[PDB]
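The working numbering numbers the first residue of the sequence shown as 5 and each following residue consecutively.
Structure first, commentary second.
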Amino acid sequence: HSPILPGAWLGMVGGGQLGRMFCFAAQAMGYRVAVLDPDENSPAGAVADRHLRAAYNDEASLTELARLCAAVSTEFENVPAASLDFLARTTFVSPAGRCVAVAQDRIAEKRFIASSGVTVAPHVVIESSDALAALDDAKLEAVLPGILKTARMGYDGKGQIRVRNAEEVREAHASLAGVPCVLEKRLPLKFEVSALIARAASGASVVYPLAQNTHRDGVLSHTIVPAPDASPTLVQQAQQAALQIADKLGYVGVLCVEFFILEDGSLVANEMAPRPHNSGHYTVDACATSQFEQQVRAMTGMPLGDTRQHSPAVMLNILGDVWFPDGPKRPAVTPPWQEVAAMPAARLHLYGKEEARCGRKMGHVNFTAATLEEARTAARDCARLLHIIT
Ligand SMILES: Nc1ncnc2c1ncn2[C@@H]1O[C@H](COP(=O)(O)OP(=O)(O)O)[C@@H](O)[C@H]1O
Ligand SMILES: [Mg+2]
Ligand SMILES: [Mg+2]
């Protein structure tokens with residue numbers, strides 16, 4: 005892989021905020037970015053050097069992208085793997101379609117992570133309605149109460165149903181149109197962490213500090229780095245687990261592995277994203293090389309960057325709910341960005357999305373300071389200001 009050098013065209017399939025932040029990282033280093041995204045108002049397309057407005061399976065546009073670009077990546081975990089494989093006929097694609105196919109499918113993903121030597125949650129695979137019908141209630145009850153999750157196309161807790169007995173499992177599967185699913189035992193979670201790694205085609209890799217993540221209603225709310233409740237041993241285990249998965253997968257790119265720490269202290273792998281991750285946004289303001297720059301480096305065959313964290317950090321997600329302080333049925337109110345910007349620790353990142361909607365990710369604020377407790381305190385003050393907390 006002769007390295008792809010500054011000045012070249014780099015392709016990005018998907019045009020959300022992750023693709024937008026990739027654009028800034030690539031363009032700062034002198035690359036040009038072509039974004040393929042069907043939406044006219046794409047956050048990434050708005051800043052890309054070129055936006056191909058097309059469906060992710062459009063043959064002509066895929067051909068155009070691969071002809072223009074020396075290397076192509078994605079920011080969209082649910083992208084069709086066949087689109088990445090089509091692109092790889094004529095250009096370098098990182099991560100490869102085969103890797104994305106494993107990570108985007110909960111059944112394949114749990115099997116693969118287990119086969120890497122990493123513990124996953126107790127679960128029952130439900131391949132089809134016919135298969136579920138043949139399972140006895142005891143086999144379901146062994147992982148109940150639990151969560152029925154669609155194997156494909158879930159994000160932000162969607163495609164998931166709580167289930168408390170075998171009958172609810174069967175009704176839930178019908179409610180999900182009978183698609184393949186995983187039934188996971190609900191575990192007693194003490195805290196959640198994510199390991200962020202980048203891996204080059206050579207097998208070289210870098211790892212970030214462990215991020216400690218808090219979710220509300222299944223959506224990431226904030227991230228604290230380095231994880232205050234993760235001992236050096238656990239940090240080491242979680243990092244090695246992500247690297248073992250990435251090595252076995254032949255993964256080239258940025259990989260984020262989410263973990264549970266249970267009340268008994270055990271580490272359980274939840275899922276992985278074949279891309280930069282919401283819980284890695286802090287790297288932009290806290291680390292030498294951001295996760296977006298690692299994606300550039302991995303896909304170009306350039307050396308991976310240093311992951312040194314120069315400042316402790318907290319990321320606070322900004323959902324569209326913040327625009328509705330008087331409730332969703334009342335008019336939107338522009339959030340107090342002038343008061344956020346008056347906070348010394350605050351690094352404001354807004355995605356350029358036109359319409360604020362509840363549940364929609366509109367931005368994030370990174371808080372950096374000399375000490376983690378100063379950053380945590382600032383993020384709490386900002387959360388109260390925005391009515392994220394009381
Ligand atoms: N087996 C489980 N036990 C307990 N909590 C869980 C389990 N699976 C998921 N959760 C909770 O729900 C959140 C979202 O589930 P996850 O499968 O990660 O959804 P998504 O893929 O949409 O991000 C997790 O971060 C975790 O807090
Ligand atoms: Mg996944
Ligand atoms: Mg998750």
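C-beta: ideal position from N, C-alpha, C; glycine also.
Would the beta-carbon of residue i be found less than 7 Å away from any heavy atom of ligand 2?
i, result
"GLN299", "no"
"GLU81", "yes"
"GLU188", "no"
"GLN313", "no"
"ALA105", "no"
"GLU359", "no"
"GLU145", "no"
"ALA277", "yes"
"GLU196", "no"
"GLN164", "no"
Helix, strand or coil for residue i? Go by DSSP, reduced to three states.
i, result
"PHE80", "coil"
"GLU262", "strand"
"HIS127", "strand"
"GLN216", "strand"
"residue 419", "Missing from the structure shown is residue 419; the chain here goes from 5 to 394 and no further."
"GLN108", "coil"
"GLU188", "strand"
"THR287", "helix"
"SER119", "helix"
"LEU148", "coil"
"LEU390", "coil"
"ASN169", "coil"
"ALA100", "coil"
"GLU275", "strand"
"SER198", "strand"
"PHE328", "coil"
"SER46", "coil"
"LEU66", "helix"
"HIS226", "strand"
"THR154", "strand"
"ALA52", "coil"
"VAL300", "helix"
"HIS177", "helix"
"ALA86", "helix"
"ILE322", "strand"
"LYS162", "coil"
"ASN61", "coil"
As a quick exercise: from the options, pick the residue whose alpha carbon is nearest that of residue i.
i, options, result
"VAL229", "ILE249, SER198 and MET33", "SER198"
"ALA204", "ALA138, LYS153, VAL300 and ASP43", "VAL300"
"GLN243", "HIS219, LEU271, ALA302 and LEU266", "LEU271"
"residue 395", "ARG364, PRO348 and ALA208", "The requested residue 395 is not part of the displayed model; the chain covers only 5 to 394."
"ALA32", "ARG312, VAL256, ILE249 and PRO10", "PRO10"
"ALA345", "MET366, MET303 and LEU389", "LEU389"
"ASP134", "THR123, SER120, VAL183 and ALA38", "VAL183"
"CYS386", "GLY356, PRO348, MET366 and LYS365", "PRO348"
"residue 412", "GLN295, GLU297 and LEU56", "The question about residue 412 has no answer, for the chain in this structure spans 5 to 394."
"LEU144", "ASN282, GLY367, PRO192 and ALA170", "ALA170"
"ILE130", "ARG156, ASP310, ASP233 and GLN248", "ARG156"
"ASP43", "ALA29, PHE28 and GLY23", "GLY23"
"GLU196", "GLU343, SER283 and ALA64", "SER283"
"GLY257", "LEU214, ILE201, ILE249 and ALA246", "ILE201"
"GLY19", "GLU81, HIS5 and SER6", "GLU81"
"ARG166", "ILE151, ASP160, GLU188 and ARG174", "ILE151"
"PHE264", "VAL122, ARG115, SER206 and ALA38", "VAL122"
"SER225", "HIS368, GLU172 and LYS333", "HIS368"
"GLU262", "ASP53, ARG351, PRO280 and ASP251", "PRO280"
Measuring only from the beta carbon, is residue i closer than 7 Å to any heavy atom that is part of ligand 1?
i, result
"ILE151", "yes"
"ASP251", "no"
"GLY363", "no"
"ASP268", "no"
"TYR286", "no"
"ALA199", "no"
"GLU172", "no"
"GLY158", "yes"
"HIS219", "yes"
"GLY222", "yes"
"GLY367", "no"
"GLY20", "no"
Cβ of residue i within 7 Å of any heavy atom in ligand 4?
i, result
"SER315", "Judged by which ligands are present, ligand 4 is missing from the structure shown, whose ligands are ligand 1, ligand 2 and ligand 3."
Residues passing the C-beta test against ligand 3 heavy atoms, cut-off 7 Å: Those residues that bring their Cβ nearer than 7 Å to a heavy atom of ligand 3 are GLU262, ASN274 and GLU275.
Any 3 or more C-beta pairs closer than 8 Å across the region 67 to 83 and the region 11 to 19: In short, these stretches touch, since the Cβ pair count reaches three.
Quick one: any contact between the region 308 to 328 and the region 364 to 377, if contact means 3 or more CB pairs under 8 Å? Between the region 308 to 328 and the region 364 to 377 there are three or more C-beta pairs closer than 8 Å, enough to call the two in contact.
Cβ pair count under 8 Å reaching 3, the region 285 to 292 against the region 239 to 258: No, because fewer than three Cβ pairs between the region 285 to 292 and the region 239 to 258 fall closer than 8 Å, the two stretches do not touch.
Mind the definition here: the region 60 to 69 touches the region 83 to 97 only if three or more C-beta pairs lie below 8 Å; say whether that holds. Between the region 60 to 69 and the region 83 to 97 there are three or more inter-stretch CB-CB distances shorter than 8 Å, so the stretches are counted as touching.
Taking 8 Å as the threshold, find out whether the region 109 to 126 comes into contact with the region 42 to 57 through three or more Cβ pairs. Taking 8 Å as the limit for Cβ pairs, the verdict is that the region 42 to 57 does not touch the region 109 to 126.
On the three-pair Cβ rule with 8 Å, is the region 209 to 225 touching the region 169 to 184? Cβ pair count under 8 Å is below three, so no.
Determine, using beta-carbon pairs with one atom in the region 94 to 106 and one in the region 118 to 127, whether at least three such pairs fall under 8 Å. Not touching, per the Cβ criterion.
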